[PDB]
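Protein chains: 4
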Amino acid sequence: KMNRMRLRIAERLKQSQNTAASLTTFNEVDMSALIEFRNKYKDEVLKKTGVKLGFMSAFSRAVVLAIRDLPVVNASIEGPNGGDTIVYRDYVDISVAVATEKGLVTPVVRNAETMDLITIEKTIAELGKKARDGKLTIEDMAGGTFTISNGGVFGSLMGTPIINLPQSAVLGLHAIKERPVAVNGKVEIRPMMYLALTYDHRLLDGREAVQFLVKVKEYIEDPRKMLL
Amino acid sequence: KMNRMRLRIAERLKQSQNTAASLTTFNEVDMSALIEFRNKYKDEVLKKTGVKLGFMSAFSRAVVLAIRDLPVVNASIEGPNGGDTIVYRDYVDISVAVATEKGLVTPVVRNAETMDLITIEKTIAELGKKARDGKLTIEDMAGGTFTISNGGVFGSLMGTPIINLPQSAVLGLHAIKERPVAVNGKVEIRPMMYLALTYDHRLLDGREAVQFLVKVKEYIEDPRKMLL
Amino acid sequence: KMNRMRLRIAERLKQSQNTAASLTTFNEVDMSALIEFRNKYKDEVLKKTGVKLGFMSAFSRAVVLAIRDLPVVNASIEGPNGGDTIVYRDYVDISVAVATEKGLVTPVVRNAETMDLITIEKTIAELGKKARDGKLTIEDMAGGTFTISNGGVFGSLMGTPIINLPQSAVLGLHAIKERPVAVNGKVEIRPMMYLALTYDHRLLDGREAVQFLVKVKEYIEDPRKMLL
Amino acid sequence: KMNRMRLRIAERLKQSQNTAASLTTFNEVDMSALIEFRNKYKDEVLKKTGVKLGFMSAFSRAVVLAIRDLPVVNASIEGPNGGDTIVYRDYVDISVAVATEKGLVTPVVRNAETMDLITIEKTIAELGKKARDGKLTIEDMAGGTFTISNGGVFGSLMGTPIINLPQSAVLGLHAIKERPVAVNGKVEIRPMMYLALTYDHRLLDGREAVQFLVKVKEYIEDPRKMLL
Numbered sequence: 001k002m003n004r005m006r007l008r009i010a011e012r013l014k015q016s017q018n019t020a021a022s023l024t025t026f027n028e029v030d031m032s033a034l035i036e037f038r039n040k041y042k043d044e045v046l047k048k049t050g051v052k053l054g055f056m057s058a059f060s061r062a063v064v065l066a067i068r069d070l071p072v073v074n075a076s077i078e079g080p081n082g083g084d085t086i087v088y089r090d091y092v093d094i095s096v097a098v099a100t101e102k103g104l105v106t107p108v109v110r111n112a113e114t115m116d117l118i119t120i121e122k123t124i125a126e127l128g129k130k131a132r133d134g135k136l137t138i139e140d141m142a143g144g145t146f147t148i149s150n151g152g153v154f155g156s157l158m159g160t161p162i163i164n165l166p167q168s169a170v171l172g173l174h175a176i177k178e179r180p181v182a183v184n185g186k187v188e189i190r191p192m193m194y195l196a197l198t199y200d201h202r203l204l205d206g207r208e209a210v211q212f213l214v215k216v217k218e219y220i221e222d223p224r225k226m227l228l
Numbered sequence: 001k002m003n004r005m006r007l008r009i010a011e012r013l014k015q016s017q018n019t020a021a022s023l024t025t026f027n028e029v030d031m032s033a034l035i036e037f038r039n040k041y042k043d044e045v046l047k048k049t050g051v052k053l054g055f056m057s058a059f060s061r062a063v064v065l066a067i068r069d070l071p072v073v074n075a076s077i078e079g080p081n082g083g084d085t086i087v088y089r090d091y092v093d094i095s096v097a098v099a100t101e102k103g104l105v106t107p108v109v110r111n112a113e114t115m116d117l118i119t120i121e122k123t124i125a126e127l128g129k130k131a132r133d134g135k136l137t138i139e140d141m142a143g144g145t146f147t148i149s150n151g152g153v154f155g156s157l158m159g160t161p162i163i164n165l166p167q168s169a170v171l172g173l174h175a176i177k178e179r180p181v182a183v184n185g186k187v188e189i190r191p192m193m194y195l196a197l198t199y200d201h202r203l204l205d206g207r208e209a210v211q212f213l214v215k216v217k218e219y220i221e222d223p224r225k226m227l228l
Numbered sequence: 001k002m003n004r005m006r007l008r009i010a011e012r013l014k015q016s017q018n019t020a021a022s023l024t025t026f027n028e029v030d031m032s033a034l035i036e037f038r039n040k041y042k043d044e045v046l047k048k049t050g051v052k053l054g055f056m057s058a059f060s061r062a063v064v065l066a067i068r069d070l071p072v073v074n075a076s077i078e079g080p081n082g083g084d085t086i087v088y089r090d091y092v093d094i095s096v097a098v099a100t101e102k103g104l105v106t107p108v109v110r111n112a113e114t115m116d117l118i119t120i121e122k123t124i125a126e127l128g129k130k131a132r133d134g135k136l137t138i139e140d141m142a143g144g145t146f147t148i149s150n151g152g153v154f155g156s157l158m159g160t161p162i163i164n165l166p167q168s169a170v171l172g173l174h175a176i177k178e179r180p181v182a183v184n185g186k187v188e189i190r191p192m193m194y195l196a197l198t199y200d201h202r203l204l205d206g207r208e209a210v211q212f213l214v215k216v217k218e219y220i221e222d223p224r225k226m227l228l
Numbered sequence: 001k002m003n004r005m006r007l008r009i010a011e012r013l014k015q016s017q018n019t020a021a022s023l024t025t026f027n028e029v030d031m032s033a034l035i036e037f038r039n040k041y042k043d044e045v046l047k048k049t050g051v052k053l054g055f056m057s058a059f060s061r062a063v064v065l066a067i068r069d070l071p072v073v074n075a076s077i078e079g080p081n082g083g084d085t086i087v088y089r090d091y092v093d094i095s096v097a098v099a100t101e102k103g104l105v106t107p108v109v110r111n112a113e114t115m116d117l118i119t120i121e122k123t124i125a126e127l128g129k130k131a132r133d134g135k136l137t138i139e140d141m142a143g144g145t146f147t148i149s150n151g152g153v154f155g156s157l158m159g160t161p162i163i164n165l166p167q168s169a170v171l172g173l174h175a176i177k178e179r180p181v182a183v184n185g186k187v188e189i190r191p192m193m194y195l196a197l198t199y200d201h202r203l204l205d206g207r208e209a210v211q212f213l214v215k216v217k218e219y220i221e222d223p224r225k226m227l228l
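Residue numbers (the deposited numbering), protein chains in the order written: chain E, 1 to 228; chain H, 1 to 228; chain C, 1 to 228; chain N, 1 to 228.
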């Protein structure tokens, strides 16, 4: 028999689908620079800090810088029957995925727009521990302003991730693969990943939606853009 | 606060989603011939006519010829609670996208199935001017029979465009990219674009939907098919 | 005849020499990454901001990050007859050189440790204008915590720059040259520059002095280290 | 606040600067032979003696043999207001650097001119242990006749080391680097190091100063010269 947890979450799915409008758009991106950079320093970083480096601070920091250009992304749509107000609050709470032994849960880094890459990475590592400990308070998983979800841990080409209502949108991350690529007028083989942006087409307009994803693409593909 | 324009359009989104069934299918296509042809003559054409040539008359004319094989595409589904009638009217009104400074609007070429490629191209150029002038009457944007939408102007791999209810379906156009391709038993590099057909699976049946997109693919990939 | 400005400054030279201890140490560094990065984006940056990009935000930001590891650099030595206190204040005021038509002057960016690379670059451009206008207030040139000086504008291999008393130390920047280099087990030709760190050997100890310069070398040679 | 140790040493710096004249001159040298020789035998040597081999006995022994040609180097300048006497005592006490956890200290090998390379190396290893033990008596660090200082442990191109008053001069050692070199009419890549001789230009005359450094260069570059 389905328990209360199943019933609640299962309802929230098709409920949020019927509440928001919904669209998904896509792109793929070269992972080489990020991978190289990671390999070059993850040990030094670890010895300096106790922090191991994955990729997560990268994606998230890039998202923050893109949001700093496109504040529409962070805002939430509110009032009766969807309501009346785009809530322009511009602190950024980054919800992200963790799979406990009892399945999917969503820790939220509060005020992430203040943070350094290394600090984000550390903060996430803390939450991952505390999550498998079952120590999390519900305020750790009360909704943020934005969400990043990962299917690449299991490994897929492409997902179509769900709106974390009341948030505007969500980014999906997928398997890195070596892929044939056209670059520099040459065939090459490169580490590539696809990206999926799902967004409420209420207030996230197709122009903006594409533009956001594309700007993020740049920051991944050259980490030096983070210096701007 | 959301204004009346936002509220109306935002409702129409999830309303039309809940009204129609909905499916999207895909293909990608070589742009070379069209690009070559454009470059070869756009100047001559311009001097003969005052008309610059993009790609739009091509896609649209191809769509018309495909519709001339597949009249199911042009018809609209009507009556109470979705109703009872596939309206076989076979004049073709081509709705298309323009982004004003106040966002997205949809000029409609009436009776487009009568028109020459150059004339379609001209007609669109007229509407683009009149649109940014704000001179458009609402009858310029009262619904056509079919819709083509462009995300390639912003530049993306792939979108999932919305049904312009009561129309049957919509075609999305995307970024042209150089891509590695297998052709002639050889690896080559070519200008490629992806295509997305979204359709109401009420009355647009999977067979037909695929067949339509595929026929269009041919007309793009060899403009000489337009001579048939 | 020497005027008051000459007499004051001329005294301050040999006075500060007799006041501090004094040592200079050296290294040279590859400019390629920074040069590439600059060329790749200076136009985009300019259109986004009104700011042209030289190199200065790079050197300075690197210096700040090195100071964040080595706070000894920022502190000043104070009290009677040189005194008694290493003043650990850790806001960072970056003095830098401008040659007016009446010769050398030293604008100071206050609180520079807070700033982004682009913002530093902008701030400097503002000061350069205001300097040639003669609009500067003396508080613009009351001493900072650290100093960077440039001879490369005139173009030399190597200088030996003077302690801006009461500051601990100073960095000299020189001509970029193409130079033969050994890299990757191969002879190569690269854009190279020499660096000179002059420091008061009171409280800047040889270990620390070398270590500071070397850490800066890294940040220049890979801008991706700034991401740490 | 600065403690007594800081105050004493800080004074000794600018005091000794104002007491001596002061000049520094430079050269660079191939490390290959010494490196090869070290690698070839350090294990055998260790098993025969309990002594590991760095480079230090080499530099020091070379310095001694050069001093045996140029006794001016070892002598000290003495009497009131700098005085009247070049003290020709020709036993050689080699001061050298150790960085304790409390910073820089200077053990002195007494009567080093008597010693074998292996014995010098051993003697230094003993002192290094006793230094980190804090067991040293002050007579271990009462001034020798000459000084060698190392910045290469931290790793730099070039320093400008301070006169250990009353000694005549000091040698600085730096980072070994692979460097492009011209040799045998050919471009080659080699392990190279720069050398800096600082000397009191009272009684160390420019002729002599250059000649000393150059002779040392030979002994490093061919260890077989030690056989003369």
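From the three backbone atoms N, C-alpha and C, an ideal C-beta is built for every residue, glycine too.
Among the options, which residue has its Cα nearest to the Cα of residue i?
i	options	result
residue 139 of chain H	H:110, H:133, H:173	H:110
residue 226 of chain N	N:125, N:81, N:67, N:192	N:67
residue 209 of chain N	N:184, N:70, N:132	N:70
residue 192 of chain N	N:1, N:146, N:27	N:27
residue 81 of chain C	C:114, C:60, C:202	C:202
residue 136 of chain N	N:63, N:116, N:106	N:106
residue 141 of chain N	N:168, N:104, N:49	N:104
residue 116 of chain E	E:145, E:102, E:184, E:62	E:62
residue 215 of chain E	E:60, E:102, E:84, E:78	E:60
residue 206 of chain C	N:211, N:153, N:183	N:153
Enumerate in chain order the residues of its own chain whose CB-to-CB distance from residue i is below 7 Å, with the five nearest sequence positions on each side excluded.
i	result
residue 161 of chain N	149, 170, 172, 196, 198
residue 164 of chain E	95, 143, 147, 170
residue 35 of chain E	191
For residue i, which residues in the same chain have their Cβ closer than 8 Å to its Cβ, ignoring the five residues on either side in sequence?
i	result
residue 159 of chain E	149, 151, 172, 174, 196
residue 257 of chain C	The structure shown has nothing for residue 257 of chain C, since chain C only spans 1 to 228.
residue 42 of chain E	52, 53
residue 2 of chain N	10
residue 217 of chain H	27, 29, 195
Apart from the five residues just before and just after residue i, which ones in its own chain have a Cβ nearer than 6 Å to its Cβ?
i	result
residue 76 of chain N	87, 166
residue 46 of chain C	52
Would you list the one or two residues that DSSP bridges to residue i?
i	result
residue 30 of chain C	C:192
residue 104 of chain N	N:99
residue 237 of chain E	Residue 237 of chain E lies beyond the stretch modelled for chain E, which goes from 1 to 228, so this question has no answer here.
residue 158 of chain N	C:26
residue 177 of chain E	E:192
residue 182 of chain N	N:187
Indicate whether residue i and residue j have their beta-carbon atoms separated by less than 7 Å.
i	j	result
residue 90 of chain E	residue 108 of chain E	no
residue 25 of chain C	residue 156 of chain N	yes
residue 176 of chain H	residue 31 of chain H	yes
residue 33 of chain C	residue 223 of chain C	yes
residue 29 of chain N	residue 220 of chain N	yes
residue 204 of chain N	residue 168 of chain N	yes
residue 317 of chain H	residue 64 of chain H	Residue 317 of chain H is absent from the model: chain H starts at 1 and stops at 228.
residue 78 of chain H	residue 182 of chain E	no
residue 39 of chain N	residue 145 of chain N	no
Is residue i near the ligand SAH, going by C-beta to nearest heavy atom under 6 Å?
i	result
residue 194 of chain H	The ligand SAH is not part of this structure, which contains no ligands at all.
Original post:
Contact between the region 2 to 16 of chain E and the region 181 to 191 of chain E: three or more CB pairs below 8 Å?
Top reply: no
Original post:
Would you say the region 47 to 65 of chain N touches the region 111 to 127 of chain N, given that touching needs at least three Cβ pairs under 8 Å?
Top reply: yes
**OP:** Mind the definition here: the region 8 to 22 of chain E touches the region 9 to 18 of chain H only if three or more C-beta pairs lie below 8 Å; say whether that holds.
**Re:** yes
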